[PDB]
Every structure is written in C-alpha cells, then in structure tokens.
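Taken in order, these protein sequences are the chains called B, A and C.
In this text, residue positions in the first sequence follow PDB author numbering: the first is 5, and each later residue adds one.
In this text, residue positions in the second sequence follow PDB author numbering: the first is 5, and each later residue adds one.
In this text, residue positions in the third sequence follow PDB author numbering: the first is 5, and each later residue adds one.
Note that CB positions come from ideal geometry on N, CA and C, so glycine has one too.
Working notes, beginning with the structure itself.
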Amino acid sequence: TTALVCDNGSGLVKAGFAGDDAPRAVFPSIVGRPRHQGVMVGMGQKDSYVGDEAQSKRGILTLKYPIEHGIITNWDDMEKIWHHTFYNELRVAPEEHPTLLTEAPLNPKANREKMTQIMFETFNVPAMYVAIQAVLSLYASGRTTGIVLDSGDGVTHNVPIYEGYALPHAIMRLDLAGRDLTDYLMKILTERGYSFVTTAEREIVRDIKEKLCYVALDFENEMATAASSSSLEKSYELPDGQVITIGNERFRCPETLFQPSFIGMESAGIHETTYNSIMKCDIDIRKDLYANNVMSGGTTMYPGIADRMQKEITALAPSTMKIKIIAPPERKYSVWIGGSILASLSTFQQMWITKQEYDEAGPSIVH
Amino acid sequence: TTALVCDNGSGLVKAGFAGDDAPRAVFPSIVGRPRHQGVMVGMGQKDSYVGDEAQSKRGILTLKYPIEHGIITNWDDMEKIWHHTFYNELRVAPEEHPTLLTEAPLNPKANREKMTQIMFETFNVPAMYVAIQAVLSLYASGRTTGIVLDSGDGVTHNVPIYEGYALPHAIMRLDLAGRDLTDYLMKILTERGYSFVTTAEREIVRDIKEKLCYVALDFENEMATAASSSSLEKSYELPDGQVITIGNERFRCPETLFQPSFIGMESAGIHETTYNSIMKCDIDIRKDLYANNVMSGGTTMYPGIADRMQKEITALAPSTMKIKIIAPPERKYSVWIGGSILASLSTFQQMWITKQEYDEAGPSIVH
Amino acid sequence: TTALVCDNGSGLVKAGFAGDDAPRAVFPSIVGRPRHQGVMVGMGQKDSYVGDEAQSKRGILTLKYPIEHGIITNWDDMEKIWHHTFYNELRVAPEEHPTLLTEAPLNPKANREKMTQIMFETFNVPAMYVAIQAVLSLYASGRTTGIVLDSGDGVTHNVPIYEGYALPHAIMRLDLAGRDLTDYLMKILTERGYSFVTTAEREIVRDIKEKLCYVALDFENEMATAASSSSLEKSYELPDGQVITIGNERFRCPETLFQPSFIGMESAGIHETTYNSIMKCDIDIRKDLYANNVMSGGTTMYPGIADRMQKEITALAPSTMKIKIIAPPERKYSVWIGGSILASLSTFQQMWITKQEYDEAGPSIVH
Ligand SMILES: Nc1ncnc2c1ncn2[C@@H]1O[C@H](COP(=O)(O)OP(=O)(O)O)[C@@H](O)[C@H]1O
Ligand SMILES: Nc1ncnc2c1ncn2[C@@H]1O[C@H](COP(=O)(O)OP(=O)(O)O)[C@@H](O)[C@H]1O
Ligand SMILES: Nc1ncnc2c1ncn2[C@@H]1O[C@H](COP(=O)(O)OP(=O)(O)O)[C@@H](O)[C@H]1O
C-alpha cells in the first residue's frame, strides 16, 4: 500500500510510486494505429500501439494525442494508456493503493468526473484524489508562498499561491506553448523548404524544438544578429540522415510565447499574463510574489527563458521592487515531484476520496 | 493434404510441396509447336510440347512464353503447363490440397480472376489463395521489415515492407530485365556478327546471359578496360560447337538495368527506383529500409550486382546513413521458399479462399 | 507601358496584358529534351523544346516540369519559358512595363528571391511585384470577404480572406491534386492493363482526367452503381486510335481529394481542411465564410465537385448555418484574372518594387 501518482500532462505522461525523486515511467502519450494494410498474417501485431511502443514505430503509425488542451477529448484510447501504465511500464496490480492524479486548473469539471469515474467502475481503485497542476509545484519546490508558471504540452497557466491559500480569481489560463508551439514550428520551417506535415513526423519536428530553441532575450538585434551575420545557424541530422539548416527561426519559435501574434491566437503573452495575474491580486500580497515566481512548466528548458522574463517583468512592475524568477532544473518533473511529496506525507491520508464517497454521492463529490 | 505452391514467374516455373527448401519441379514455361510438316506418320508425336519436353527439342519447335510481363497473355496454353505441373513433373491428383499461387504486385486484376477461375471450374481445387511476388521474399529471408527488389523474367518491381505492413503507394513496378534483357542481348551480339534471331535459338542466347554477364561496377574505365586491353573476352561453345567471342558487351547487357537508355525504354533504372521508392516512403520509416533491401529477383546472380548497388545507392541517400544490400545466394527460389514457409505455417489456414467463397460471391473476392 | 501578368502555376502557365478577361498565352510548362540520337544533321533542330513547341512532339521528347509543388526546383530551364513567354508566344520586349507575378502562399521564401532576382540582373524589368495565388481570386470574383480554395497543378491551399485582411495563421496548404492526381491515375489504370508509364505519355493520361472524372458525390452506392450495373463506362480513343475502357476509376481518381488514403499521403482531405481552416478562424468571423467559399483552383472542373462539397461541408459545421459554395466556370483563369484586375486598377502603382528597391536593399525586400 504505497502511493503511485500519475499525470494527464499530454506530451509525456509521468507516473511512479510515492517517495521518489522521479517517476518510474516517463513516456509520451499516444495511441497509434496502422494506416496501411496488414501483410504479416502473423497476428502477433496489435490493434493499436501506445506510448513508446508506438513512439518506436512511427511513420507506419498514425498518432493521436488523447489529451488536447488539458481537457481529454478521447476517453476510449485514454483509458488504454492508463490501462497500460498500471500493467506494463510500471508493473502493478490495479488494486493496491490510491493514486493522486494531476489535473488542470480551469478546465471543465466534466473533464474530472468521467476521469474519476473510470478510476472506479471499470477498474476499481482504493480511493483516489485529484490535485491541480500548479499546487504541487510548491510542495516540490518546497515554497509556501509564491506565484507559479506552468505550461507543459497540455496548457499554460499560472496560479499565484500564498501560504497555501489559493487566489482562484487571479488564476490565468491561456492555452499556448506545448504542442501549439510545434504547430507553429512546422508552420515556420517551410521557410527553408522542409515540408514536415504528417501526424507521425510531428515529433521529428519536436526533437528540433527540444534541441535548439532557447529564447531570443531581446530579439530585436537578435534577428539582425541572425540576418546580417550567421554565427548561430545550427544543423540537425534527422532520422534519414539529411542535414537541416535553421537559425532564423531557432529563437523565433518560442518567442511566440511573448508575442502570440506570431502564432495568431491573440490573447496576451506569457510574460505579462503573470503580471496581469499579479495586478489582479491584492496590493499587499504582491511584494513577495514578484520574488517567488517559479516558472516550472515542463516546456521551459529554453536556455534563457528565465533570463528574458527577468528583463520583461522588470520592464513591468515598479522597478523599486525586487523580482526573482527561480528556474530550478529539476522541473518538468516538478508537477510529479509534488505528488511523491504531498501524497507521501500525512494529513493527506484523510483527504483521499474512498470508493465509499463515490458510492456516497457520486462523481460530483470531487468539486 | 499438404500444401503445394506454384509460381507464374514466366521463365522457369517452380512448384513443390509445403515444407521444403526447394521445389520439386523447376522447368521453363514454354508451349512449343512444330513449325514443319509431320513425316513420322507415327502418331506418337503430340499436338504441342511444354516445358523441358519442349526445351529438349527446340529448333524443330516454335516457342511461346505464355507469361508476358507478369500478365499472362495466352490462357489456353497456360492451363496446359498447369495441367502438366499437377499431373506430370510433380505427380499429384488435381484434388488433394490447396495451393498458394505466386503473382505480380501491380498487374491488372483481370490477370488474377481468370486465373482463380481456371483453378476451379475446369479442375476443382480444395480452396486456393494468391500472394504477391515480394511479400514471400521476407517470409523466406525471415526478415519482417525491409524493402525488396524483385525482377525475374516476368517483371521487375520493389515492394518496401515494414513489420508486415505494406506501403502500396510506394510500390514501384518498372517492367525490365528478364526476357527483355536477352532481347537487348540478341540485339547487341550482332556487333560481332552472330545473327541469333529465331524463337527457338533465343534460349541459346540466354545461356550466354546465364554464364557470363556480371555487372560492370563503374563501367567507365571498364569499357576502356575492355576496349584498350583484352583480358576479359571469354569464348562460349554453342550447341553446334562453334566458338563465340564476346566481352565488350559481357558487362554491357545487364548494365542496361542501370541505364535503360541502352534498351531504349526510358523510365528510371533499377538502382535508384528503389531510392525513388524509398523517398516516397515516410521520413521515419526509411532508416532501416536502406539497411534491409534484399534484392532477390531470380534474375540477379550477376557477380557484382550487389557490389554496384552498394556503390550507386550510397551515391544517393545521405551518406551518414548505413545502407546494406543483402544478396543471399539461395534466392531465385526465394519467392517460392516463402510459399513453402507461409502456407506451411498456420494462422494462414483460414486465409485460404475455399470453393465456397467462389460460390459465395465470385472471382472478385480475391481482391 | 501596360501591365503583363504571368503565373508560376506549373501545369499550364498563363500570361497576358492588363485589362483583359483571359491571358494571351496559355500553354503548359515543360522543358523537353530529345532522348535519342540526332540523325537530321539539319541543325535546324534545337537544344530543348518548351511549352507547346515541346507539347506537340512528345514521345521523342522527355518532359521536365520545372515547377514541382509551387516551389520551382530547376531554375535554368524555368528562365527559358519566361525567356520564351516574353519573346515568343506573347511577343514583347523584356523592358516595357512591370509584371505582377503569381506565387504560392506557404512556399519557402527562397522560392521568391531568386525569382525576383532573375527578373532583374539577367533581364531587367521596370520594377515588379509578387502576389499570392488566392488573394487574386477575390479581385477576380469581385468578393471582398470569403475563404478560397485553390489547387491547380502546383499545390492545393485555401486562404480565408475577410475585408482584405488575411488570416495567415489559418492558411492551410496541403500539397495534393494537380500532377499528383494523375500519378495516382497512371497508378490505378493498370487495373485494366494499360501500362502508361513514361514521362511523355503522362499527358495522354492527363487528357483522360480532363475529359471524364467528375466527382463521385457519395460514392458508396456509386462504386456499387459501377460494379453491379455498367452504364457509366466510357471509352476514350488515344493518339494511336486504340480504345480504352474505364469507369470503375472514373470517379475514383478525384475522389482521392476527399480521402488521401487512396493516394497514400495521409494528411486531411480537401473538403474538411477548409472546415479545419475555418475552425481555426474566429467564432464571429466564420458565419459568412461558409457562404463565400469560392473553390477556384484551376484543377476543379469536375462535374459535381461543388455538389459533393455542399454535401460534405454541411455534414460538418452546425447545420443551422447556411453554406454556399460558388463555382464560377470562368475559374482556372481566375488567379490570372485577378492580375489583370489588381494591376490594372490603381493604388497599386506604388505597390510595385522598382529596380531601385532591389538596388536599395536586395531580394529580401519582397517579404
Ligand atoms: N528542452 C526542451 N526545450 C523545449 N521544449 C521542451 C523541452 N523539454 C520538453 N519540452 C516540451 O515540454 C513538454 C513537457 O510535457 P509535459 O511536462 O508532459 O506537459 P505537462 O506539464 O502538461 O505534463 C514536452 O512535451 C515538450 O513539448
Ligand atoms: N546466373 C544468372 N545470370 C543472369 N541471369 C539469370 C541467371 N539465372 C537466372 N537468370 C535469369 O533470371 C530468370 C529467373 O526467372 P524466374 O525467377 O522464374 O522469374 P520470376 O522471378 O518472375 O519467377 C531466368 O529466366 C533468367 O532469365
Ligand atoms: N476539366 C478538368 N478536369 C480535371 N482536371 C483539370 C481540368 N482542367 C484542368 N485540370 C487540371 O488542373 C490544372 C490547372 O493547372 P493550373 O491552373 O495552371 O495550376 P495553377 O492553379 O497552379 O496555375 C491542369 O494542369 C489540369 O491538371
């Protein structure tokens, strides 16, 4: 009876036992299906492939991310990767111990109900509970106060927290980064004549975004530092072995986070939406928030993301006030680290909802 | 009730029981007819001669290959050699056990319908099935993934296969090699004043192509190695006993496979049509294909065919990617070996189409 | 000094003066070369043949389309047909008046730079400008708002436009139809035993696609209306005079536009990619787009293309919303009609880029 904690994070899905610095299974969430006729009468093949099992054989497969923007669109597949994650990958019987379940702040409640559902009547679990993406970033980072920033592939949001008292009216969820950053990248790369568009190749694109993006850090002279002289163009061999040439859009793709007029969806931009989240907070409360903003999203490894937020957030706010963006490298597992902390420790053991409670009222109880 | 598996391969036709490393009957497909007046009132003679029965007595006979380019032009004769192959040669009653039937990838379906037909209403067979030339080369070679190359006398084609999921849109059939290689050879040999043109002598020509051709392997200095100094000219006694002198065209005849501007039919050439087949495949899928291309056609014994493909395919593709052309000597029976494997093993026993199915819908069901 | 407007459209290339309902030169874009030895010592022959000059004598020639998918792969030939189009065909000095130049929405900018280049230093032109395939379809159709659909031989794309404010993030370019539709047709016709594969004969195939294709319009019962009873099979005499039999694939070839699992390249299909373009547009903006979608591609004359889009687009979208697909017959010249409108009218006269501007900064200015 030890806690295992899993996440919905689209992208990679991450699950492991309580009391550990990293989950035992980290694999992308995909339900793949063959788009071609079976020749191998060898029925050793499968209906569909999930995770790395699918991620290994790609161009053959078609790829469906079940987690759209934090909301989960397709349930039938989604239960499979859970059905997998409990059995293969990390190998556990479905009934041992409860599970803390990561989940999105502002998403529709109908998300978490069917999800609490299929954690019971299909395969019964010794209770359950569902926390929020951000609230576990502090249990991980150990802070009590402070605003967060979370992105990941599922959705980008920030949840200012002070002494474990949330400020829900200030929670700002703008859906961006994540997948939507590649879909701009597949869009932009055609500048150099690379036509990448198919469901299976998309990840080949992503592994560019992984390797070289960073953040422009005042990309005015940066484009001119790209345009005029070329020192920053790097080449990336791709699974066939052919060279790719880049560097005008290397920084330019993540730059869209600060000007979503590149991607075309017009809302805010991520740097000041934290500010425009702070301003909605109280006058008193905000002094330390500027110092404590953690920015652990799981997207942002960009070498110089934090460095530009420093520049941009100081351009906002009164300059007399010290702002500190902590960028711990152990993030991208952070939201999971909180699980292996929160559920591991106690005073939470009565915060689970047992199958009783689901028999008590119903799925509506989690709210 | 044991499976016997036969092929359409024009050229030699090959048939034998399941579970064997080589068919029991390998004989060329010809329906011969006498072109002269019968003197022997001895009616012990026949209407027509088939296979080696014909191949023994040639200049007397006229030779008609019923299998044109994989497509079978003449049915009336074609059923005879089948009518033979079941009775004489390998001696079996027409009704014992089903038969797997080899057949061409891109050929018109009207090919395989009349062929499935005459496997029923004329002589009834306990079910049936028709596979593809290439798909059985992997069951033989044991590979699962990998692109093929098949030529034979019937037609040349390549069918990239990955985990027994075919890539039909990438199947490249260019009709070449086979018979059409001799018809260039009978064309080229007149260089030395050998006028070979008659239907019966054509095979005398072929037995040169059998013995000495190889492949030029960068035949730029090769022609100059032919022209300038003569070390490579070899002589071949022919059924009368007269010497033949060759060697400028020894390599030059199969060389046409890489430049079908010698034969005059302009399409591609065989080396890069595999490449131009690969490129049509997916970006991901293609890494291993370059390593796995089997080139088992039944034509290609040419000592140094594989050696030049190595040279030519590396001249294509990104050089950072390892390409491996496997050239197993057991080929030329390969496409049959697959039959004695596939049909021998099980999960295929329900993949036959019983005479029921032909009574169910009709010949259209095989598709 | 009157405007002449030309297009890149692969396929046919179309050019003519401003202020006209149709270009003065409509001829296919090919640079042909003889694949055989010259016998006529008569040097009256040429290095290469372009356009109809080539299109007249085909089997002799080899055919290279310089415009691949909107992108132009071969420049050296491409300048010839321009070099022709200015001199022969429409007969004009290279220096009279600027030229509006049609061009693809999402193609790499390196396309249009070398193209703006060779409009200056090789032959100098009184300024220049390059518009987009779609944006001129409204100036032709006279609409201001509305989404388009464009295909042609070069590439298929749709560019929703509202009050002359483009929605670039919603521009959906999937490369399909055009040439790639024949290459499936040459692939499919072998069903009936017609082996058409050579570079010169390809157009013989195309002239079938011209004559009889239409669109299946719910081709479920249609195939059964083909299979079961044969009323729709039509015959086409080909340049030798021999009959062709068709009709199972008559509708089936353009049908691939709605299911590119026939051609094998898996992306979307053209009917809903407009929908999946609309959905990416704003909630407000989309009411009228459904009414205004023009579908002028230059491919689509298919008798019943618009009729099935009606069926399919209504199957998508809320049914409470009126959708109207206008299919003006004057299209296929439409993208050119816009030129003879846009450039003819004024407020555009300062939108040209004079040779000054190219001397100002360089080719990078067009962006
Ligand atoms: N080094 C990196 N550079 C840029 N982007 C990255 C990097 N590492 C991960 N990402 C992006 O961040 C995502 C993290 O996904 P994940 O953390 O599972 O989402 P969530 O936070 O919703 O769980 C990856 O899928 C990838 O798209
Ligand atoms: N050693 C060799 N060298 C050159 N050509 C050969 C050699 N052996 C066979 N061939 C050619 O390859 C053909 C193989 O025919 P076959 O395998 O029956 O065609 P298919 O593959 O369609 O069944 C022979 O008919 C002959 O023309
Ligand atoms: N009546 C028709 N039926 C089917 N296809 C057609 C018909 N007319 C033209 N096409 C196809 O549409 C193409 C139009 O080419 P074009 O308009 O020059 O391309 P672009 O739009 O890029 O300029 C032709 O080359 C032909 O392939």
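Expressed to the nearest angstrom, what Euclidean distance is found between the alpha-carbon atoms of residue i and residue j?
i, j, result
"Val339/B", "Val163/B", "13 Å"
"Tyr218/B", "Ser232/B", "20 Å"
"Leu349/C", "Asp11/C", "19 Å"
"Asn115/C", "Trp79/C", "10 Å"
"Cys285/C", "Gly36/C", "44 Å"
"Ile76/A", "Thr229/C", "29 Å"
"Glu334/B", "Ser145/B", "9 Å"
"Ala97/A", "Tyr53/A", "21 Å"
"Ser265/C", "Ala204/B", "15 Å"
"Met44/B", "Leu171/A", "13 Å"
"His101/B", "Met119/B", "17 Å"
"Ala331/A", "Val298/A", "6 Å"
"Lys326/A", "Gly55/B", "27 Å"
"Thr149/A", "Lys215/B", "30 Å"
"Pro27/A", "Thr303/A", "17 Å"
"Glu226/B", "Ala220/B", "7 Å"
"residue 454/A", "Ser141/A", "This structure does not reach residue 454/A, given that chain A is present from 5 up to 371, and the question cannot be answered."
"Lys50/A", "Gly63/A", "16 Å"
"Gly74/C", "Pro258/C", "20 Å"
Mapping DSSP to helix, strand and coil, what is residue i?
i, result
"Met355/A", "coil"
"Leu216/C", "coil"
"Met119/B", "helix"
"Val17/C", "strand"
"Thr229/A", "helix"
"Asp179/B", "coil"
"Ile345/B", "helix"
"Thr202/C", "coil"
"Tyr166/B", "strand"
"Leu242/B", "coil"
"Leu8/C", "strand"
"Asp154/B", "strand"
"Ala26/C", "coil"
"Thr186/A", "helix"
"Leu65/C", "strand"
"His173/B", "helix"
"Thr149/B", "coil"
Should residue i be listed as close to ligand 4, given that the test is whether its C-beta is under 6 Å from any heavy atom?
i, result
"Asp211/A", "Ligands present in the displayed structure are limited to ligand 1, ligand 2 and ligand 3, and ligand 4 is not among them."
Within the segment 249-337 of chain A, note down every full alpha helix (DSSP H) run reaching 4 residues or more, in order along the chain.
-> 256-259, 274-282, 290-296 and 309-319
Anything in the segment 149-173 of chain A with a Cβ closer than 8 Å to a Cβ of chain C? List those residues in chain order, please.
-> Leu171, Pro172 and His173
According to a CB-to-CB cut-off of less than 9 Å, which residues of the segment 109-124 of chain A neighbour chain C?
-> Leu110, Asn111, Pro112, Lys113, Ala114 and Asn115
Start-end ranges of the beta strand (DSSP E) lying completely within the segment 33-59 of chain B, minimum 3 residues | 35-38
When you check each C-beta in the segment 306-320 of chain A against every C-beta of chain B, which residues fall closer than 9 Å?
-> none
What residue ranges within the segment 68-139 of chain A form continuous beta strand (DSSP E) runs of no fewer than 3 residues, ordered along the chain?
-> 103-105
What residues from the segment 227-244 of chain B come within 8 Å of chain A, judged by C-beta to C-beta, listed N to C?
-> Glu241, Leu242, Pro243 and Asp244
Near-chain A residues of the segment 35-69 of chain B (beta-carbon distance less than 8 Å), N- to C-terminal order | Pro38, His40, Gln41, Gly42, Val43, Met44, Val45, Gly46, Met47, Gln49, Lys61, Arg62, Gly63 and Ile64
Select from the segment 269-288 of chain C all residues with a C-beta closer than 7 Å to any C-beta belonging to chain B, and list them in chain order.
-> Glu270 and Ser271
Residues from the segment 97-109 of chain B in contact with chain C, defined by Cβ distance under 9 Å = none
Interfacial residues, the segment 7-19 of chain A to chain C, with Cβ spacing under 8 Å | none
Can you list, in chain order, the residues of the segment 65-95 of chain C whose Cβ is nearer than 7 Å to any Cβ on chain B?
-> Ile75
When Cβ atoms are compared, which residues of the segment 191-217 of chain B fall closer than 9 Å to chain A?
-> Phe200, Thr202, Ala204, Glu205, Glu207 and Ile208
Contacting positions in the segment 249-268 of chain A - beta carbon closer than 9 Å to chain C | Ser265 and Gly268
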